[PDB]
Each structure stands twice: as C-alpha cells, then as structure tokens.
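K.L.:
Take this structure, written in structure tokens, and hold onto it; I'll ask about it next.
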Amino acid sequence: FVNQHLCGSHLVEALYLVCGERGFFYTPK
Amino acid sequence: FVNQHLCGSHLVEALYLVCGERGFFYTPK
Amino acid sequence: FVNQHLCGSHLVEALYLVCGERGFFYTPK
Amino acid sequence: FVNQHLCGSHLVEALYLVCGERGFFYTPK
Amino acid sequence: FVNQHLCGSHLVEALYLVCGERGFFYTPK
Amino acid sequence: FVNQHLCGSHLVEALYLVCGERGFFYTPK
Amino acid sequence: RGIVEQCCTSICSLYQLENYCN
Amino acid sequence: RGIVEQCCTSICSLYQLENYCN
Amino acid sequence: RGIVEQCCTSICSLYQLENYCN
Amino acid sequence: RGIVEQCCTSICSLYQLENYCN
Amino acid sequence: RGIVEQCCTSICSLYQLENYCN
Amino acid sequence: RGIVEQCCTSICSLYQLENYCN
Ligand SMILES: [Cl-]
Ligand SMILES: [Cl-]
Ligand SMILES: [Mn+2]
Ligand SMILES: [Mn+2]
C-alpha cells in the first residue's frame, strides 16, 4: 500500500478499493 | 452491461461532496 | 454540502455535480 | 449504452489539465 | 462495449494506491 | 497545459492523459 | 431500493443523493 | 469575485458555487 | 459537433481536447 | 480513533483502514 | 494475459492488483 | 531526475512529463 496522508476524496476512494464488496463507513467528525 | 464497480467510484466521490460532515455508509449491495 | 477548501480538479468535479445538466464555466485567473 | 454522465466526469478532469489558466465552458448539451 | 480508456483511468488510480513506493509500468496494450 | 504542482494520484492521471496509447512508468522513489 | 440501481442508470441529482447521507 | 479565491483559497457554500453554473 | 459525442466513443487526445478550451 | 485524525492527519497502514470497512 | 482485460470486466481485488506492481 | 521532485515538488512543463512516457 501507499504510505501517505490520504485526505478528502482520496481517503474515500481508498476505502472503496480496500473494503470492496463489504463496503465501508465514512464518518469524518 | 452497466459497470457498477466503475460507477460506484463516482458515487462515493459524489456522496463525499454531498454529505460532508454528516458522512455515509456505502455498500455495493 | 462539504465545508472545505476545493482546489484544482476537485473544484471542477464539484462544479460538475452541482451544476448538472446546465453546465458551468471555469475560468481560474 | 455509452454513459455520458460518467464520461463527462473524466472529460472535465481532462479539460482542467489541458486548458489550465485558459479555463473552459462545459455543457452536457 | 467495455470502455477501456475510462476504465484505465480507474486502474491507474488503483495501482497508484496499491503499489505505493514500488511504482508500476502501465500500457493500454 | 496546467501550471501547477501535480502530486499523488493527480500526477498519475496526468501521465495517463499525456502519454496515451504509449503508456508510462511511475516510479516515485 | 437503492443507490447503485438508481444512480448508475439515470443521473441522480444532489437532492436524490442526500437521501443516502447519515 | 474569482472562483479560486472564493472556493479554493477561502471556503464556498453550496449557493456560492452555483453562481458559477451556466 | 461536439465533446461528449467525440470524446466519449473514441479516445480524444490532448490535441483534440484543446479545441474545447477558452 | 477517528479516521481523519488517523489516515489524513497521520498516516494509516492498510490494516488500519480496514478497521473502517463494514 | 493482462490488466485491462482482467480488471475491467470482473472486479479485481487489491490482491490481484499487486501483481501489476514493480 | 526523479518525477516527484520534478513535477510534484517543483512544476513540470508538458514536455518534461513526456519524458516519463513509454
Ligand atoms: Cl489534493
Ligand atoms: Cl467510468
Ligand atoms: Mn487531490
Ligand atoms: Mn469513471
């Protein structure tokens, strides 16, 4: 995996790719 | 076909924008 | 909506989602 | 079909790159 | 059809994430 | 072309658009 | 009955899309 | 009222990014 | 006669794409 | 353990971003 | 025999995708 | 002449990003 700060829509898209068919939750506050 | 894996990449970018601080649960299911 | 600085290609894609069928102008200078 | 709403997301990212400081008008029309 | 030019945009974003510091060669070929 | 710092997945996608059918190498270290 | 079906065929506006937020 | 200065340097509300729609 | 038709079917190079800039 | 603070402000390993999968 | 064929039809997981890294 | 140092840390012209094409 990439070793970087993942922010904004990038972190979303990473979650998308990583979690796959299982899906994910994004609650940033 | 409609490709739902390529579409799902756009929708999660779109939900990221539209929900903001609220956040969202995504499931390709 | 998201409450963030929207820069570069992100601000483009936001305009795309927000304006929709009406379309938009991007003139950044 | 060709999906023009998903394609239009790519093209506006592409115009953002290619036009730069010039900018562009986009209309899905 | 499957559009390989629009798919290739996603895959190179995906390889960017997955390879990280390793990097990758891409060829739509 | 855009006159900006191109980093992360942005620089990837730029390479994608610019190099085209010839393809590209991304080795960031 | 649900997002992938509704937003991938026809365009979904931002108003349709808020229904999927928390 | 320049879009970069407005939404990229500052933060734009949804209403303020609609100003830039056609 | 126009971008969505021309750049969504066949690939459009950067040279084709500059025709749509200001 | 908040995802922004974890992966955007700090850097997350692959295992730590799987915590946020369903 | 190769990425565009394999990852554009069926989904490719991250594990399939590492095979294309250096 | 390293692509990150060239185009991400500094700014690259179009000709300089073509160096990294195959
Ligand atoms: Cl960024
Ligand atoms: Cl697509
Ligand atoms: Mn970005
Ligand atoms: Mn796409």
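Every chain in the structure tokens takes a letter, A first, then B, and so on in the order presented; its residues are numbered from 1, and the ligands are numbered from 1 following the presented order.
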Taking only C-alpha atoms and all ligand atoms into account, which residues are within 7 Å of ligand 3, as a list in words?

P.N.:
residues 10 of chain A; 10 of chain C; 10 of chain F

K.L.:
What's around range 4-8 of chain C at 6 Å? Count only C-alpha atoms, leave out sequence neighbours fewer than 5 positions away in its own chain, and write the answer as a list in words.

P.N.:
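Once the nearby chain positions are removed, what remains is residues 7, 8 and 11 of chain H.
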
K.L.:
Return the Cα root-mean-square deviation, in Å, for chain H superposed on chain I by least squares with the Cα atoms paired in order.

P.N.:
1.0 Å

K.L.:
Please give the root-mean-square deviation of the Cα atoms once chain F has been least-squares fitted onto chain B, pairing every Cα in order.

P.N.:
5.5 Å

K.L.:
Contacts of residue 15 in chain K at 10 Å or less, counting only C-alpha atoms, minus same-chain residues fewer than 5 places along, as a PyMOL selection string?

P.N.:
(chain A and resi 18) or (chain E and resi 18) or (chain K and resi 20)

K.L.:
Store the residues picked out above, limited to C-alpha atoms, as a PDB file, in the first residue's frame.

P.N.:
ATOM      1  CA  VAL A  18      -9.760  -1.656   0.092  1.00  0.00           C
TER       2      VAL A  18
ATOM      3  CA  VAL E  18      -1.794  -0.459  -4.263  1.00  0.00           C
TER       4      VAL E  18
ATOM      5  CA  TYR K  20       0.952  -5.451 -11.744  1.00  0.00           C
TER       6      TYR K  20
END

K.L.:
Using only C-alpha atoms, which chain A residues lie at most 12 Å away from chain G, written as number ranges by chain?

P.N.:
A: 25-29

K.L.:
Output the selection as an mmCIF file, in the first residue's frame - N, CA, C and O atoms for each residue.

P.N.:
data_model
loop_
_atom_site.group_PDB
_atom_site.id
_atom_site.type_symbol
_atom_site.label_atom_id
_atom_site.label_comp_id
_atom_site.auth_asym_id
_atom_site.auth_seq_id
_atom_site.Cartn_x
_atom_site.Cartn_y
_atom_site.Cartn_z
ATOM 1 N N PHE A 25 -17.854 2.574 6.102
ATOM 2 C CA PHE A 25 -18.463 3.770 6.680
ATOM 3 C C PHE A 25 -17.444 4.923 6.814
ATOM 4 O O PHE A 25 -16.290 4.747 7.228
ATOM 5 N N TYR A 26 -17.909 6.097 6.441
ATOM 6 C CA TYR A 26 -17.160 7.260 6.457
ATOM 7 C C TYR A 26 -17.829 8.313 7.295
ATOM 8 O O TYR A 26 -18.775 8.964 6.889
ATOM 9 N N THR A 27 -17.326 8.508 8.493
ATOM 10 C CA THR A 27 -17.930 9.493 9.329
ATOM 11 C C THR A 27 -16.819 10.402 9.845
ATOM 12 O O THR A 27 -16.085 9.984 10.790
ATOM 13 N N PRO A 28 -16.634 11.611 9.205
ATOM 14 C CA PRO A 28 -15.368 12.246 9.488
ATOM 15 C C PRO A 28 -15.364 13.182 10.693
ATOM 16 O O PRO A 28 -14.424 13.963 10.850
ATOM 17 N N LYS A 29 -16.393 13.190 11.536
ATOM 18 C CA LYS A 29 -16.333 14.238 12.576
ATOM 19 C C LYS A 29 -16.113 13.593 13.903
ATOM 20 O O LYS A 29 -17.102 12.998 14.382
#

K.L.:
Based on only C-alpha atoms, which of the residues in chain C come within 8 Å of chain B? I want them as a ChimeraX atom specification.

P.N.:
/C:1-3,14,17

K.L.:
Name the residues of chain E that fall into helix (DSSP H, G or I) according to DSSP on the backbone, using the chain letters and numbers of this document, as a list in words.

P.N.:
residues 4, 5, 6, 7, 8, 9, 10, 11, 12, 13, 14, 15, 16, 17, 18, 19, 20, 21 and 22 of chain E
